[PDB]
Amino acid sequence: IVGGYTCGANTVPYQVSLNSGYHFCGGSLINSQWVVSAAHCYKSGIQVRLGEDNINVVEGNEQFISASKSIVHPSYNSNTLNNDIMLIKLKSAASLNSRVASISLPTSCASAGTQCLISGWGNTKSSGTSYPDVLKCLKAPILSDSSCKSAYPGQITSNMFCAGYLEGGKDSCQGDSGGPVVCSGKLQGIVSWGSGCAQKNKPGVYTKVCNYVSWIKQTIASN
Ligand SMILES: [Ca+2]
């Protein structure tokens, strides 16, 4: 997250870190057994880390639970990032508590202009590299479809939305991928892509979770 703020320990209790020997992507806990992340975060060999604040210190509220299964969306296209969504099943259910909690799936799609909370352990610099240890947060508004398409001509599908600031300075970034965009208390987006981070006229692009609720529900009813 570039231009964000330190969230505060466990104030984003649905945020997970995906670890394959190191943090590599975020995700969102949607119930005690299942995480939503980005399909481009697929790796074999994922441990889900819940209850994290500093990802490099064991502070006492973590649960580390291996994945048993990962399910990339059946229509994921890694070239265009259309349908950039994946489900990860935990080998054992998390113990839900004040620091490890699920986020609701949406009923309606969020609206242009809504301010959402985006979070992660990704890079904090637009130019160069600096990875935080503690979770960072950013409030960013959803941009209109038309503004998103102008920023990325020929690249935005109906399964994507843009959020952020066309002046630059505030955005998600590498290492935030797969993490949450929460609007009105529900999971509306997944950190997916963008041209650099926090650059002018190049806002973040996010997987539009409301288009996937029926896939998510039928998949978790079956696995
Ligand atoms: Ca920790």
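Its PDB record attributes the structure to X-ray crystallography, giving the resolution as 1.16 Å.

Enquirer: Just to check I follow, could you spell out the UniProt feature "disulfide bond" in the protein for this structure?
Expert: The UniProt disulfide joining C25 and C41 is present here, with an S-S separation of 2.0 Å. Remark: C41 occurs in the loop between β4 (34–37) and β5 (47–50) and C25 occurs in strand β3 (residues 23–31); sequence separation between them is 16 residues. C41 shares its class with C25; the two are buried. Between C173 and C197, where UniProt records a disulfide, the sulfur-sulfur distance comes to 2.0 Å, consistent with the annotated bond. With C173 in the loop between β10 (160–163) and β11 (180–183) and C197 in the loop between β12 (186–193) and β13 (204–208), the pair connects residues that are 24 residues apart, well separated along the chain. You'll find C173 and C197 in the same group, each marked buried.

Enquirer: What is the right way to look at the coordination of the calcium ion in this model?
Expert: Ideal geometry at a metal centre gives angles of 109.5 degrees when four donors are arranged tetrahedrally and 90 or 180 degrees when six donors are arranged octahedrally. Listed as protein donors to the calcium ion are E52 (OE), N54 (O), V57 (O) and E62 (OE); their distances from the metal cover 2.2 to 2.3 Å. Mapped onto the sequence, the donors of the calcium ion take the spacing E-x1-N-x2-V-x4-E. Look at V57 and you get partly exposed, because its relative accessible area is 42%.

Enquirer: Explain the sheet that holds β10 here, please?
Expert: Adjacent strands of a sheet pair through backbone hydrogen bonds, lying either parallel or antiparallel. Judged by pairing direction, the sheet is antiparallel, and its 7 strands sit side by side in the order β1-β9-β8-β11-β12-β13-β10 without closing on themselves. With partners counted over all chains shown, the strands left at the sheet margins are β1 (5–6) and β10, one partner each. Where β10 and β13 come together, 4 bridges link them in antiparallel fashion. Looking at β13, one finds that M160 is bridged to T207.

Enquirer: Where do I start with the pattern of salt bridges in this structure?
Expert: Here the idea is simple: oppositely charged side chains can pair when their charged atoms come close. Tallying each qualifying case throughout the model produces 1 salt bridge. Of the charged contacts in the structure, one is a salt bridge between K149 and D145, with a shortest N-O distance of 3.1 Å. Here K149 pairs with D145, and both are found in helix α1 (residues 145–151), just 4 residues apart, close to one helical turn. Note on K149: relative accessible area 39%, which makes it partly exposed.

Enquirer: Any chance you could explain the UniProt feature "binding site: Ca(2+)" in the protein here in plain terms?
Expert: Within this structure's numbering, the places UniProt gives as "binding site: Ca(2+)" are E52, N54, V57 and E62. One can find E52 in the loop between β5 and β6 (63–72). The exposure class of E52 is buried, given its relative accessible area of 5%. Ignoring anything within four residues of it in the chain, the contact list for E52 reads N10, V57, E62, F64 and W121. Along the chain, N54 falls in the loop between β5 and β6. Leave out the neighbours within four places in its chain, and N54 touches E59, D133 and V134. Side-chain polar atoms of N54 contact the backbone nitrogen of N56, separated by 2.8 Å.

Reading the values: the criteria
Residues numbered from 1 in each chain as written, not as in the entry; some residues may be left out. Heavy atoms only, no water. Disulfide = S-S within 2.5 Å. UniProt positions renumbered as here; feature names shortened; annotations may be inferred. Helix = DSSP H or I, 4+ residues; strand = E, 2+ residues; numbered from the N terminus. Buried < 20%, exposed > 50% of the residue type's maximum accessible area, 1.4 Å probe, protein only. Donors = N, O, S within 2.8 Å, 3.2 Å for Na, K, Ca; no water. Pairing = 2+ DSSP bridges. Salt bridge = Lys/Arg side-chain N within 4 Å of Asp/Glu carboxyl O. Contact = heavy atoms within 4.5 Å. Polar contact = N/O pair within 3.5 Å; in protein donor to acceptor, adjacent residues only side chain to side chain.

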